[PDB]
Structure formats: C-alpha cells, structure tokens
C-alpha cells in the first residue's frame, strides 16, 4: 500500500509569505515560479526515525534510497511511496522519508531537507502534496 506524493518546488518570492501547506490541498504557489530541473533523492529513513522518534532531526546516515526524481516544467515530480517499512529490528513500522535536494542547490533557492511521516492526509484526487521550503539562511557554521 502506497501513497502518491506530488512534490512542487517554488522559488523564493518577496510577495508570497511561506506559511505551512497541508498535504491534502493543492497550492498554486501564489505567483511564485516553479523551479525546473531540481534533483531530489528520497531516503527511506524509517529505521533512523524509529531508532528514537522523539530524537529524530532529519538524519539520513546509512539510509537506503527509496527513489530519485527531477522536477519538470511545472516544478513537479511524483513518487509512489510505501506507507509502511521496517525499522532496524525488522519490525514493520509507519514509514518516514527524507527529501534531499542534490542539484543545483542554488543558494537561497536550495530546498531545506524535509521529512514526511506516512500515511499523510490525501487530497480529493488521492495525491499527497508536499512543498519544500527554501533554506532558512545561506550562512552556516560548525
């Protein structure tokens, strides 16, 4: 049993303000531009998550790759993801996936890593809609 995850990548726009967007609503981006040709790797982080849910902060170390994708013309990619997977003990668990932009990571329009805890609320068309946010900042330490 899988869900159909539709990812849409919109570039930063000074006039749209980046509130959260639920997985069961279509958001047109409010004029911001879809970003084409952005490569994402989707890691199955179910094991890393279930090692300790209360401590999970987005690590995908040693996580297997669930899928890769590249945004199209409309800034979108679609991927069916299993709603359950296995933890490190081999026990069946609700699945968690980490979306990581590998390319082009264009500065302030780089997507922040985000993770997704299935099953999610689906829209009427049956899709799960995610909208990666741009990174909080372009300076870093540590």
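Residue numbers count along the first chain shown, from 1.
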* Determine, for stretches 90-98 and 26-34, which one has the higher mean CA B-factor as deposited. => 26-34
* Identify the stretch, either 119-127 or 12-20, whose C-alpha atoms have the larger mean B-factor according to the entry. => 12-20
* Structure fact -> From 84, 76, 52, 41, the top C-alpha temperature factor is at 52
* Asked: Say you rank 62, 46, 111, 70 by Cα B-factor from the PDB entry; which sits at the top?
  -> 62
* What third of its chain's C-alpha B-factors does residue 1 belong to: lowest, middle or highest? -> highest
